[PDB]
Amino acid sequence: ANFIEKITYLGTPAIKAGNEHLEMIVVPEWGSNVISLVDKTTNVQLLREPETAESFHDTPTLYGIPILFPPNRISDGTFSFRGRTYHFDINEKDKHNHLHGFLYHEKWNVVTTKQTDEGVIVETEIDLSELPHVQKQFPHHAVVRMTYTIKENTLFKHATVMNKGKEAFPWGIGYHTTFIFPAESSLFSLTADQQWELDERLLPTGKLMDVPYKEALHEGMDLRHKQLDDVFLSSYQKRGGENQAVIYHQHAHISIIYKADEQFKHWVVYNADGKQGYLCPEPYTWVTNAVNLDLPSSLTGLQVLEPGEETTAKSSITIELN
């Protein structure tokens, strides 16, 4: 049994959808942000929700599931692709970067909803050629379609990126997924062995380094007194196995299994100062500043769509009760 219901989320239109296990709320106007994810059996919210519409706008990448296209930093907002140079708004002024892409602060359209025994689908979409200011920065006919499916106890979360233009473009995608993370009763684990070393501007130098506490990181570890803003290299590339973040709420015995396919080669993990009760295990298909690295694509995970092509990048959130 499953349902869709149109609602108002803090004065914005929104869509609630779900089954007997999980409910989502997606707000198309807020960059198609999946702002709420609720476990119906235990009745607990899993995502960091905003108090007021205003405080959501203050920081639109620190609530629910913000879409980062492309993710994280480009230095000086400048890169070159196939001879051609680009200039993106430098919205991060101290570090002199462009930060977090085009689509998190924009109006997305609902393409369609669909319901079968296979669970409930909501689809959203944005055509970048319909946003004049983005075209100044990035004159390409990129179209992004999100497909959200709740089925059994899982939210499947698929990004289809399409080139409907006449020139090839590099692209990567990331999510700023913000989970409620209580430092004293929450354990965290990630399939990662190495991380990207960063300069003062949170930009990759090019070098990789062993994660000292990698064992603990594999098994599940508390984050008490540990400030993270780290760009990890998914272990799957070298070792196979899983590609996932896991969060474990000790009180209610809830496991949140955040899976992602082979295209997601990096996870940025962010908890601000560690005293804010949240955590952002952010899977990216490409490393920070990927566009500006003279490094193999199988490492940076940089991708290219030629005219007429499309790719789908798959991730899921699984709630397990144990």
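Don't overthink the numbering: it's just position in the shown sequence, from 1.
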{"item": "Between 35 to 43 and 278 to 286 (mean CA B-factor, as deposited), the higher", "value": "35 to 43"}
{"item": "Selected stretch [higher average CA B-factor]: 185 to 193 or 135 to 143", "value": "135 to 143"}
{"item": "From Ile254, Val291, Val268, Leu62, residue of greatest CA B-factor", "value": "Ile254"}
{"item": "Peak C-alpha temperature factor (PDB record), options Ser234, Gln227, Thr149, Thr178", "value": "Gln227"}
{"item": "Chain third (lowest, middle, highest) by recorded CA B-factor, residue given as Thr85", "value": "middle"}
{"item": "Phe169, C-alpha B-factor rank within chain (lowest, middle or highest third)", "value": "middle"}
{"item": "Assigned third (lowest, middle, highest) for the C-alpha B factor of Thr318", "value": "highest"}
{"item": "Chain-relative CA temperature factor third for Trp30", "value": "middle"}
{"item": "CA B-factor placement of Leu22, once the chain's modelled residues are sorted into thirds", "value": "highest"}
